[PDB]
Every structure is written in C-alpha cells, then in structure tokens.
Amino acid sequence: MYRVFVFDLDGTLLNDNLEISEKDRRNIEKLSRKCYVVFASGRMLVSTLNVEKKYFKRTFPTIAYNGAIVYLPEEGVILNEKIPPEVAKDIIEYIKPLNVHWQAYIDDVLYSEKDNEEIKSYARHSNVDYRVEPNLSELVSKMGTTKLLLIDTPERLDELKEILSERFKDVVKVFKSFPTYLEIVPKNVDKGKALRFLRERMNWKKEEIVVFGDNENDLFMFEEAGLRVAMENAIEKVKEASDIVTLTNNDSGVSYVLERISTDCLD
C-alpha cells in the first residue's frame, strides 16, 4: 500500500489553464486525511503555497524552486539551497559591465534592477509579483539568491548563455528555460535530491511513495518512488521510465490512476 503522494503542479495536477479540476481536488482532500500529500514545483515557494491554500485551506510538505526549497507546514523551510554570496557576487560583477537585464530571487521575492518591458512580460507570463530595486547588486551580494535570470532576445541570450556557462559552469548551473529566459541556479539541486532529503527527514520508505510527473525535472523524483505515473502529455522519456501512463493533465489524469491505487487512509 501507498501512504505518500507526490504531485508536480504544471503539466500534472494543474491543467493547461493552471487550475485543478474538482475531481482531482476532492481525491487529494480524501487522501490528505491520515495520509501524506507532497507538492513539487519549479515555481516560487509562495506561488506553490498559494495554490495549496486556494484549493485546500492549508499547506503541505512542499518542494519548490525545482528542489532548492523543501518546506514543512510545521517546521517551515528545512532545506534552502542558494547561490553562495561569493559566486553570486562574482557573477553579478562579471555580468553588469555587459549591460544586460537581470533579476534576482531573494528570500522568495523577485527583484529587478530596472522596471522595463522585459520584466513586465516575464512576471505576466510566469505570473508572479516583482519589485524594482536599483541597488539589487548590494541586496544579492550580501543576502544571497536562490537564482538569477537574464532576459534578452533569443539572439543575444544565446551568446550570454555561452560565456556565462564557460565561465561559471564549475560552480553554478546555467541554462535557457525558454528562448528569452536564461537561468542561473545552484549547482547540483533537483526535485529528486529534495524528495530524497524529505524522505530521510520524514522517515518515508520508497515502497509507500507514488509520484506523478510529466517533466525532465520530475524524472529525478522517479528514482525515489515505489510507483511511477507519467501524464499522457509527458515527454517520451518520462513515459518510458514510468510504470503507468494516465490521462492528460487537462482531464483529470491524476484522479484516473489515483482512484485505483492500493492505499491506506480512506480505510
């Protein structure tokens, strides 16, 4: 039997309109009684906890920033991976002379040096609030950051990616999230390491854990679970590593399999 249920949000529990169907909501509600529910997302911690409170008036053990943050409703953040203020300072001092548009994620708040069109459109599309801080260099250099993000034309961004990777590949992870978004994040952090950490903390055993995913990012969690469910919309690689491929996230792919799994709770 299974007693721990891990769900990615985007492309999984959330449909393409970023909402959770009533069917999936009700099934989670039933499990949450007596059993453990875990949400794992690449989104900010606040954004993730907000979805939790919106559909369920509470919070659950949570994996945010794709593994950098592990949160427990009672303890709060018990894992907080970030770019060390040193490598962070080096990156900022290196990047500024290059006149680019960068923003920083600090203590769960998105900051941008200048209030331009780049930031406006990014916060809009990845729906999050941001704050303009001209002195962001000092904020980061002295407070540390979960991650940095550069926004430019796919052209210049492909070039920036090139030089920042060659220069910092050794102490940080640099990759394009999309044609116009370049991200810099803590080296070896991912959803799998975060889930394994949570497991050690909570004393979960792999055999009682189920994970639902659709991502390359979620593939890491699969190694830490006893049962693996890929969404029908998952990339080919994820489906081939799963045990079962349920319906799409636009339907209630989660419920479709969730209702058939051998589980404690619900008696």
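Throughout, we count residues from 1 along the sequence that is shown.
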{"item": "Of 231-239 and 50-58, the stretch whose C-alpha atoms average the higher B-factor in the entry", "value": "50-58"}
{"item": "Mean C-alpha temperature factor, higher of 142-150 and 123-131", "value": "123-131"}
{"item": "Top Cα B factor in the deposited entry, candidates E93, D190, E113, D107", "value": "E113"}
{"item": "Among modelled residues of the same chain, the CA temperature factor third for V100", "value": "highest"}
{"item": "Where the record places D24 (Cα B-factor, split into thirds across the chain)", "value": "middle"}
{"item": "Where the record places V254 (Cα B-factor, split into thirds across the chain)", "value": "lowest"}
{"item": "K82 by Cα B-factor - lowest, middle or highest third of the modelled chain", "value": "lowest"}
{"item": "Ranked C-alpha temperature factor of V172 among modelled chain residues, by third", "value": "middle"}
